[PDB]
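Participant: Experimental structure and sequence below, a few questions after.
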Number of protein chains: 6
Amino acid sequence: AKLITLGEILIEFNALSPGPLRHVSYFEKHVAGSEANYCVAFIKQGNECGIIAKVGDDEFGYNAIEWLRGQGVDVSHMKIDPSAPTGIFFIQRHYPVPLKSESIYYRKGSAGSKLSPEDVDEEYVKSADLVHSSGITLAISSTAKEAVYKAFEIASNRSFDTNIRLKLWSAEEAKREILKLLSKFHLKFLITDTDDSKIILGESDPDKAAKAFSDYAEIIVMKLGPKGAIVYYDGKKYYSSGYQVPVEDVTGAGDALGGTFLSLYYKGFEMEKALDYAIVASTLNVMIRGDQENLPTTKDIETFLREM
Amino acid sequence: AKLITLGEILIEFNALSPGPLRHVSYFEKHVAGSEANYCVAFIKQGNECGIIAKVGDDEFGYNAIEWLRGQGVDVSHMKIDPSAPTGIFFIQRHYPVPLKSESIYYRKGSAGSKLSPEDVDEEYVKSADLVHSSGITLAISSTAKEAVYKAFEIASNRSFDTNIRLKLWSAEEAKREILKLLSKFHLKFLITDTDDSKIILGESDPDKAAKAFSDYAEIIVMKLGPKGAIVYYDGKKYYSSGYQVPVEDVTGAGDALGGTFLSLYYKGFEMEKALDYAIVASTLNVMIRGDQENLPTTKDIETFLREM
Amino acid sequence: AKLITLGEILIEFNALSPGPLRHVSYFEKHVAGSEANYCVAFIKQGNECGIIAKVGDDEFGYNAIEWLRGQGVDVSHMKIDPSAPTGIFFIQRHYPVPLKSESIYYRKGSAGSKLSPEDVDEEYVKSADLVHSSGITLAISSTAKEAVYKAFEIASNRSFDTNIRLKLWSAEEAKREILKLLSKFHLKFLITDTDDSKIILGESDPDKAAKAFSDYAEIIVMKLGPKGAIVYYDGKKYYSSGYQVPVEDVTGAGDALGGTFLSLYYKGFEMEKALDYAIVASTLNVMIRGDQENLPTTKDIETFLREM
Amino acid sequence: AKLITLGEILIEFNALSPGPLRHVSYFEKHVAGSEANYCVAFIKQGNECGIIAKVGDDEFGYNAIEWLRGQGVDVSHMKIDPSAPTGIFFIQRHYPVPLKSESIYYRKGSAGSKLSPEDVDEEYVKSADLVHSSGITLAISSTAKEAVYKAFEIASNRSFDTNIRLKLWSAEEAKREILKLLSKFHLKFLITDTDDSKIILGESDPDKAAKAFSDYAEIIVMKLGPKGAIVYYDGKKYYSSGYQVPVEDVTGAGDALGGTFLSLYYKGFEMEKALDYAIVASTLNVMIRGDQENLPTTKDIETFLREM
Amino acid sequence: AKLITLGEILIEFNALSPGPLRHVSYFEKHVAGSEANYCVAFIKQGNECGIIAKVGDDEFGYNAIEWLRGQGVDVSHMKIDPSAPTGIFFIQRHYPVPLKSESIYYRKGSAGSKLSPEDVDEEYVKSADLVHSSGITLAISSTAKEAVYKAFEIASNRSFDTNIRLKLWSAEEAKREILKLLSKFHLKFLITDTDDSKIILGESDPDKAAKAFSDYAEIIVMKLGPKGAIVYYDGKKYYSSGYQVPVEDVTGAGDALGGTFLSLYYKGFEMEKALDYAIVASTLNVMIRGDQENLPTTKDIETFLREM
Amino acid sequence: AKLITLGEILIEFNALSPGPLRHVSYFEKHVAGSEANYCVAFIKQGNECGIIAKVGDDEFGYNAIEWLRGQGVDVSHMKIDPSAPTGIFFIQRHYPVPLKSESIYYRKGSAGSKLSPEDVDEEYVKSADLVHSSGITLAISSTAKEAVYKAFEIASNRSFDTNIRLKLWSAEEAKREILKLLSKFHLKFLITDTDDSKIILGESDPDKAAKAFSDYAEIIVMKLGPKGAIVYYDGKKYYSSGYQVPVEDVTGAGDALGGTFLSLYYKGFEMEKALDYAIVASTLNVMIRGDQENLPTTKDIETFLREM
Ligand SMILES: Nc1ncnc2c1ncn2[C@@H]1O[C@H](COP(=O)(O)OP(=O)(O)O)[C@@H](O)[C@H]1O
Ligand SMILES: Nc1ncnc2c1ncn2[C@@H]1O[C@H](COP(=O)(O)OP(=O)(O)O)[C@@H](O)[C@H]1O
Ligand SMILES: Nc1ncnc2c1ncn2[C@@H]1O[C@H](COP(=O)(O)OP(=O)(O)O)[C@@H](O)[C@H]1O
Ligand SMILES: Nc1ncnc2c1ncn2[C@@H]1O[C@H](COP(=O)(O)OP(=O)(O)O)[C@@H](O)[C@H]1O
Ligand SMILES: Nc1ncnc2c1ncn2[C@@H]1O[C@H](COP(=O)(O)OP(=O)(O)O)[C@@H](O)[C@H]1O
Ligand SMILES: Nc1ncnc2c1ncn2[C@@H]1O[C@H](COP(=O)(O)OP(=O)(O)O)[C@@H](O)[C@H]1O
Ligand SMILES: O=C(O)[C@]1(O)O[C@H](COP(=O)(O)O)[C@@H](O)[C@H]1O
Ligand SMILES: O=C(O)[C@]1(O)O[C@H](COP(=O)(O)O)[C@@H](O)[C@H]1O
Ligand SMILES: [Mg+2]
Ligand SMILES: [Mg+2]
Ligand SMILES: [Mg+2]
Ligand SMILES: [Mg+2]
């Protein structure tokens, strides 16, 4: 199966030590961005994927290109923008809240925010089994929002990660635009959590949010944080619980789960063991700096499962 | 409110790996010293502070001056000793006792130890709301001890952290000299713990130690290690529990608590709320190498209290 | 004497290894920005300085403040911008050209670019012996350009580093705006080089460039890169050669020279000797990553001269 | 007392971050190999020891010699092979299984594997109080297996750590070769665990495995993983529980326990106390990268026990 | 144009500090091996290429695949070995000879040595414009040598880097196997040096070595180490001098020259200019640890030449 | 042949980046001190050596013991002082003077300074072929001075490195004390340089300084700094020139030369060859941090000489 994602790839600067950034002197570079992470989680389970994204005509842009190409992602439908730089962010870890991370963005007016419907080619989108994007892509600019509408219009099957970021838009704006997108397009997959349900449906309860969402989405993945996740489908509920592991950086974990779940679905996994495997990938993710560098293959997940 | 502390600022050489120093090859420099730590913690809560301290005419001494001045500490009452070197120490972490650190001093004949009553200006000391020192300052030299006596004679309100270091003086010396200071000068605040209570009073129980200490102090902070702290004030007793977090280096945690509690008292906090917030400060402290680098602002503490 | 400078403080991310950034994974943080660099170089010779700059209400903003305050720079006339982020930049070293570096900016719509006439206190500016800015400040925004005009309108004596950055503006607008400034305001000091001389006057010959510039500036420092610099004053020229040293990062060397040179002038140094000493400062600067970290005191320069 | 071990010394390259090696860029070097771990653990409790091993005529060879010599290990009966390299291995940490590690060997045809009967001096082996080897040594080559047979024939008292590596030989071969060894040579000490018992006897219950092994060994140490260990001696059994500590790398922990236990036995420690202390050594071991760097002295073990 | 190389891809472990490996504790991982380096230098000048190689079924094997795929090399003719490990090497730098490096191999019976004629597809080989191998491939095994003979029997145009490694065979066998190859297969390009000329022909002088080699090759590149390189073609000689730059690691530089030179020939560069450009690539190569990480594009080479 | 040195072993904290220590955050540990350095240099040329030194009962003390024992140094005549710390120092590199280093001591009242005649075993000293010390040991304390007097009284053949440290004693005391020692004890070897000659003799010219020193020493090694060294013996003079290498840290270089020269004299080397070889040892020394880690063997020197 082939996944096509639409969004902004970012270069990540991950603090080498925890604490406020004013006292961190070293930063470790990684390639990330939600849809880039989804792509890699998707191929790791043995499917194919491409990303529609625009990067700058700079080192960070070519870094993102080389990294994803090396991972086996189809990068041939990416664009290079000569008049705008690649977006970046910094990660401050475990401060002021232990176990949590904070993203600090330098993405405004980036090459990535300049993604437009003109970059969404019907001939390519038609080749996909699933077209995926996020609330991040909706939020970064109106051209990128337009690009999601275009791709979703073309798409037979649609996947959406809520991925709300209050640093990119108000909670009210986030509610309005997502409800707007869900109104226009019925989804095969909705990936969200209780934090975003609270913003969108004024509803923190996983069972209630999932019921309010069942009209827009066939299969709903409700992430609970460290506790794990619940999948809702065919009038069933299934809770897959998290694991206790050393937390280095949780950034990337929701995408690791999201991407792994979607890929196993297309490998014919039953819903519950797709989630069980997806939780393994997100568990491993929090253990490291880097959103992508220990996304597990199916065999690695199964090794974990034997011993854990 | 203005805090004035007297003590020895030290440069810290924190092992980059846990284990016996004989097999650690890399060390990370920080600026520390109990009274320097108290100042920054005090400042972080929106109050003002100065330190009366002597450093060497050397790179480490200017390091200490620049760092503190950068934190907004008043450094205009510091001295530079013409010939004695700035005091330093090394931290061996998690060995041979996990979750604990050991300080290895190179402070004998240091510029810090040459602090004397002649460095204590009377009108400066009158300008403070609270004057603070510790058992460390008493232990390093006769002149430093004298300096603390002079400051405490001039002070209207006095604070003292027992901070007993058996590497600097014997248990009897400590009991003697601390008891002598407390008999001479009633305290507004005593900051101590169980280990120092047993050495000074023979008494290990929090309540029994606190009752004895109330002959000398109005408000008693009885620290308990990872379990947290108890404040005793008036006829009340209040326990504030610690949090479970990954432990990097506990060095500094007691000052993080002490200094934060003190600052919040002068911001008008109830004793229990001031202790609660102070526990947050010392919790974040144990998570990092460096005694000062992740001292939180009041806002940071509240963020922690919400998302925790 | 007191220097006041106007410009944008930047946080620097300096590659830990040479080469194209797409293959560099580790980045080291420094506090930089031309006017910030001038400030520190000026105080290192024992004069006073302040900076009029705007930073963000973010970790990188308070980093800039703490660092500059620690260095003894007057920071009380800085502003904190509630909405825009602190400007940042990356350094790629020795690639594709050995011994050279290149700055990669993320400063568009930064807090620093939102410096305006409103941030320039008239009484504060009157307090300076020398008011200093550069071509970077002119180029970053209209309000920051406006701010320099205001400052220069009030100033008794003016200093200007041409500091042309062709990533910030075109050669023609650099030529036009610099000459517009020079014709409106006579300078006590002009700091430039043969590169910027080519752009502003078409003149690559340092003597002819100086002759052209002498209508606008009393004292002209014409830097020549590795080979040293020339001071033109009193109808005379003095050339001071550079030194051959291992080159880590040349970034900041120009500010090291200009700032040190200015400060020694006010210290009563004879003109040509003041340039000799400033060359030592720029020499030392190229030997490390960080624009400020090894700025020498007058005594350090003399140790260098004794031994070199 | 004197321990002589026979085995392959290995240079270890320890992944500086967790995750699959294809995305780890940094490796930290350590001297290891099971019998070298035993030697150092043994010397740390105040007895003497030597190793019979062969290393390459190469930097890694000389590294092992100098390190072991520095630790106080008799290295005079080691051999330098001119035609084969020192064997090495890489450690992949916490991936795919959290808290566990994986060794990736580059040891085939190594100098270590060329250990042979002729390298075993009768006189030297007779000077030992205890002659010790492992399943690793039987598995690496015939010559090394035959070397163990020769030394065990000459030895009065024998010690054996099963140390089964499925990467070195099959379960069936390991079962065959170990049972064959035990049938030929009565052991004073068998050091093993529940995994190796399952392979060798088809029995994973500690007590039943111990009873079955009692035909061949006089004192049986049954390691349980994180849970601790049980010692079987004189129809008696004694469980000594492990400690919960942050796990950096478990590699070496079983040798740290085994060597410390053996040495304290020869120091005249009561059996239960000898195991309590050996558990401290292995507890400390899992806390760092490096099999040998934080092996505790008896004194260090006692400090640990006072506090914990 | 399309290049096809045949040879062993190796994982490189690069000493982070100079000196004998026995006192170097940290190693930095890179992807290298001569033909792999040629491939990437070839792609950097805008041509296509692929590599015929086999890697182990291990992290280091998938690391090599991802890296090269990421760089744009065709990896579809690479194979995974069922049982043998990916070959690796360590680099000791600047000891005992300043500015020089030493490779220490763990490659015997590697996956890469098991490259064989049955892995070389005739139609793919025939599709290439140039087919290239080295003396390393000839040396590692007879299956690999067989594979080179096969590819060279099929190829219309051939290229060969002598790349003699005395750790892999004797001077005598190198002389014999290379002369045997040259007299069977006429080459379009011979890439070599004065060291290998001495071994193969007993002739160290470049002109006279080139004269003797002209019997087997149309275009001879005679590298000179730091001094640069001479190309001999069509009765002409052209010397292109090296540059003085700080040397971090010269490992990789000759491949960098070779691959860049070959690629620019197919871009229609005049021979002399191709060599000058090739020298820029090798010049930058020596400045970093990593054989591939700062291989320049043609554009980057032009930037170098413009300001140097 | 056996060298016995008497001195203070120090633990070295080497700055990981150049510049003023106030801005260096990372330090790298090495075992050092002049007589320790001589010992290892002596051993490296295949002779035997021991050291009489007192270290603390601390991690750094045991670090020193293990290191020197690992290098093959006889360590059995060292002492542990239970009441005083092992001495340490920091190295600040390339600031304020390029290519030079400075040592910042924390050695006052160290265990090494408590070296006393009591610690000099008469029997052991009589077993030496050469008993060596330096001006550092005369300067650290009066007991250590007396230790050198005792050992020199017992010895038949003596060696002395002037090694003047103006941070340890005044120019006049250094002159006075060294002339005292030279008058009391005829030296077989005097190792010095033109800086120390200027202080002791008022003479910085090599020939004139040697002429004056010839009344006191049989063989004089006059080090010149980077440009090399001269030997004076048997009415002969021989200058061996230095080499141009990249300089990391010159600390240790004079001891590398000293120790290597002495040891090669005892291998029966001509005086000129011994010096030549010694220069290579000191050339390599300046290229790394660490006084000891790249001391070459005779074979390493021969390789250097072959290529260089
Ligand atoms: N602190 C943690 N410890 C262990 N696992 C975690 C932790 N945080 C996240 N995870 C894993 O990652 C998954 C997704 O994390 P979550 O925060 O729910 O994602 P998102 O932020 O994208 O909604 C969780 O279901 C859990 O399996
Ligand atoms: N191991 C730990 N884990 C979590 N928090 C800790 C730990 N150790 C100390 N703290 C925090 O720091 C505070 C002070 O620690 P404590 O050891 O009492 O300081 P002191 O040594 O100066 O008495 C504690 O009350 C607690 O909030
Ligand atoms: N490669 C170098 N080697 C040695 N010194 C240098 C080098 N580059 C710059 N410098 C020193 O820095 C000073 C200013 O450098 P320059 O490049 O002219 O700055 P700017 O680019 O701001 O004009 C020079 O005059 C010289 O003393
Ligand atoms: N995850 C862990 N946490 C704490 N201690 C551990 C852990 N793993 C091992 N240990 C300690 O090391 C000892 C030996 O570990 P074990 O796995 O039994 O060794 P082996 O595999 O060689 O039999 C244990 O008994 C325990 O004390
Ligand atoms: N020390 C050095 N300094 C500068 N350039 C170098 C150095 N070593 C190699 N190079 C560059 O690399 C090219 C090839 O180096 P060389 O040693 O001839 O490679 P090989 O040994 O593989 O033939 C040289 O012609 C030169 O341009
Ligand atoms: N900057 C340098 N460059 C190259 N070699 C050096 C340098 N400094 C010292 N050396 C080498 O080390 C030797 C010892 O240096 P020297 O300064 O004479 O030591 P000391 O200060 O102990 O007398 C020199 O003779 C020279 O061979
Ligand atoms: O904006 C700039 O270019 C800048 O502010 O100049 C500074 C460098 O100045 P220099 O290139 O004149 O040495 C550096 O901090 C940089 O980012
Ligand atoms: O006490 C000393 O200065 C010392 O013992 O000299 C040693 C270096 O001296 P050198 O530079 O003459 O070799 C060094 O280790 C140092 O600390
Ligand atoms: Mg998410
Ligand atoms: Mg305390
Ligand atoms: Mg400039
Ligand atoms: Mg084991």
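Facilitator: Done, it's in. Numbering: from 1, shown residues only, chains lettered A, B, ... in the order given. Ligands and ions are numbered 1, 2, ... in the order given.
Participant: Could you use CA atoms for every contact and neighbour count after this?
Facilitator: Noted.
Participant: Can you name the residue of the stretch 101-250 of chain A nearest ligand 5?
Facilitator: Ligand 5 sits closest to residue A:111 of the stretch 101-250 of chain A, with a gap of 37.1 Å, by CA to the nearest ligand atom.
Participant: same check, this time on the stretch 1-150 of chain A
Facilitator: The nearest approach of the stretch 1-150 of chain A to ligand 5 comes at residue A:59, 24.7 Å away (CA to the nearest ligand atom).
Participant: Kindly report the residues of the stretch 151-300 of chain A close to chain C.
Facilitator: By CA under 8 Å from any CA of the partner chain, no part of the stretch 151-300 of chain A sits against chain C.
Participant: And the strands in the stretch 151-300 of chain A, which stretches?
Facilitator: A:158-161, A:187-193, A:217-225, A:228-233, A:236-241 (DSSP state E, counting those that start in this stretch).
Participant: quick one: which of those is nearest residue C:197?
Facilitator: strand A:158-161 (54.2 Å; CA to CA).
Participant: Can I get that closest one as CSV, trimmed to CA atoms?
Facilitator: Taking C-alpha atoms only, strand A:158-161 is exported to CSV below (Å, rounded to 0.1, in the frame of the first residue of the first chain):
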residue,chain,number,x,y,z
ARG,A,158,-8.2,10.2,3.8
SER,A,159,-6.2,10.2,7.1
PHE,A,160,-5.9,13.1,9.5
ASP,A,161,-3.8,13.6,12.6
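Participant: contact partners of that strand?
Facilitator: For strand A:158-161, contacts defined as CA atoms under 8 Å, 6 or more residues apart in numbering or on different chains pick out A:130-135, A:152, A:186-192, A:258.
Participant: which among those residues end up buried?
Facilitator: Buried by 16 or more other CA atoms under 10 Å in any protein chain shown: A:130-135, A:152, A:186-192, A:258, out of those.
Participant: Could you tell me which residues make contact with residue A:254?
Facilitator: Residue A:254 is in contact with A:223, A:282, counting by CA under 8 Å, 6+ apart.
Participant: That one and ligand 6: what is the separation?
Facilitator: Look at residue A:254 and ligand 6: by CA to the nearest ligand atom, to the nearest Å, they are 55 Å apart.
Participant: same check, this time on residue A:127
Facilitator: For residue A:127 relative to ligand 6 (CA to the nearest ligand atom), the value is 65 Å.
Participant: tell me which element that residue falls in.
Facilitator: According to DSSP states H and E, residue A:127 maps onto no helix or strand at all.
Participant: which residues does the closest residue to it other than its chain neighbours bridge with?
Facilitator: Using CA to CA, 6 or more residues apart in numbering or on different chains and skipping residues adjacent in sequence, the residue nearest residue A:127 is residue A:2, 7.5 Å away. Note on residue A:2: beta-bridge partners by DSSP bridges are residue A:48.
Participant: thought residue A:2 was touching residue A:46?
Facilitator: No. Counting by CA atoms under 8 Å, residue A:2 does not reach residue A:46; the two are 10.1 Å apart.
Participant: Those two - which one has more neighbours?
Facilitator: residue A:2 (18 against 15; other CA atoms under 10 Å in any protein chain shown).
Participant: does the residue of the stretch 1-150 of chain A found nearest ligand 1 count as helix, strand or coil?
Facilitator: Ligand 1 sits closest to residue A:99 of the stretch 1-150 of chain A, with a gap of 5.8 Å, by CA to the nearest ligand atom. The three-state label given to residue A:99 by DSSP: H, G, I helix; E, B strand; the rest coil is coil.
Participant: What's the local residue count around the residue in the stretch 201-308 of chain A positioned nearest to chain D?
Facilitator: Nearest residue of the stretch 201-308 of chain A to chain D: residue A:304, at 5.1 Å (CA to the nearest CA). Other residues near residue A:304 number 19, with proximity taken as other CA under 10 Å.
Participant: Can you say which helix or strand has it in it?
Facilitator: Element membership for residue A:304 (DSSP H and E) is helix A:298-307.
Participant: Identify all contacting residues around that helix.
Facilitator: A:44-45, A:277, A:280-281, D:96-98.
Participant: Quick check: buried residues in it?
Facilitator: In helix A:298-307, counting by 16+ other CA under 10 Å, buried: A:298, A:300-302, A:304.
Participant: Looking at those, which one is closest to residue F:84?
Facilitator: Among the buried residues of helix A:298-307, and counting by CA to CA, the member closest to residue F:84 is residue A:304, at 51.7 Å.
Participant: residues near residue A:268, how many?
Facilitator: 9.
Participant: same deal with the one 10 residues further on?
Facilitator: A total of 30 residues lie near residue A:278 under the criterion other CA under 10 Å.
Participant: can you pull the contacts of it?
Facilitator: Contacts of residue A:278 were listed using CA under 8 Å, 6+ apart, and they are A:256-261.
Participant: ok, residue A:247 to ligand 10 distance?
Facilitator: Separation of residue A:247 from ligand 10 (CA to the ion, to the nearest Å) stands at 28 Å.
Participant: Just confirm that residue contacts residue A:289, I think it does.
Facilitator: No. Residue A:247 is beyond contact range of residue A:289, at 9.6 Å (criterion: CA under 8 Å).
Participant: Just the buried residues of stretch A:162-181, please?
Facilitator: Quick answer for stretch A:162-181 (16+ other CA under 10 Å): A:162-164, A:168-169, A:171, A:174-175, A:177-179, A:181.
Participant: Is any residue of that stretch near chain B?
Facilitator: No. If you take CA under 8 Å from any CA as the test, stretch A:162-181 misses chain B, and the best it gets is 15.7 Å.
Participant: Please state the offset of that stretch from the chain centre?
Facilitator: 15 Å (CA atoms, centre = their mean, to the nearest Å).
Participant: Check whether it comes near ligand 1.
Facilitator: No. With CA under 6 Å from any ligand atom as the criterion, ligand 1 is not reached by stretch A:162-181; the gap is at least 6.6 Å.
Participant: Narrow the contacts of helix A:298-307 to those in helices?
Facilitator: Mapping those onto helices (DSSP state H) picks out A:277, A:280-281.
Participant: Most neighbours among those, please name it.
Facilitator: Highest neighbour count within the ones in helices among the contacts of helix A:298-307, by other CA under 10 Å: residue A:281, with 30 neighbours.
Participant: residue contacts, that residue?
Facilitator: When contacts are counted by CA under 8 Å, 6+ apart, residue A:281 touches A:253, A:256-257, A:260, A:295-296, A:301.
Participant: so what's residue A:253 closest to, chain neighbours aside?
Facilitator: Leaving aside its chain neighbours, residue A:253 sits nearest to residue A:282 (4.5 Å; criterion: CA to CA, 6+ apart).
Participant: Tell me how far that neighbour lies from ligand 9.
Facilitator: For residue A:282, the distance to ligand 9 - CA to the ion - is 11 Å.
Participant: quick one, what contacts that residue?
Facilitator: Going by CA under 8 Å, 6+ apart, residue A:282 touches A:252-257.
Participant: Report the separation between it and ligand 2.
Facilitator: Here residue A:282 is placed at a distance of 26 Å from ligand 2 (CA to the nearest ligand atom).
Participant: Could you do residue A:144 as well?
Facilitator: 45 Å.
Participant: any idea whether that residue is helix, strand or coil?
Facilitator: Per three-state DSSP, residue A:144 ends up helix.
Participant: Could you pull up the contacting residues of residue A:220?
Facilitator: By CA under 8 Å, 6+ apart, residue A:220 lies in contact with A:189-192, A:210, A:213-214, A:231-233.
Participant: For the stretch 151-300 of chain A, which residues are neighbours of chain D?
Facilitator: A:245, A:284, A:287-288, A:293-294, A:296, A:300.
Participant: Put the buried members of these into a ChimeraX selection.
Facilitator: To isolate the buried subset of those in ChimeraX, counting by 16+ other CA under 10 Å, use the following:
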select /A:284,287,288,293,294,296,300
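Participant: With distance to ligand 5 as extra columns, can I get the residues of the stretch 151-300 of chain A next to chain D in a markdown table?
Facilitator: Converted to a markdown table, these look like this (distance: CA to the nearest ligand atom, whole Å):
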| residue | distance to ligand 5 |
| --- | --- |
| A:245 | 48 |
| A:284 | 42 |
| A:287 | 41 |
| A:288 | 38 |
| A:293 | 33 |
| A:294 | 36 |
| A:296 | 39 |
| A:300 | 40 |
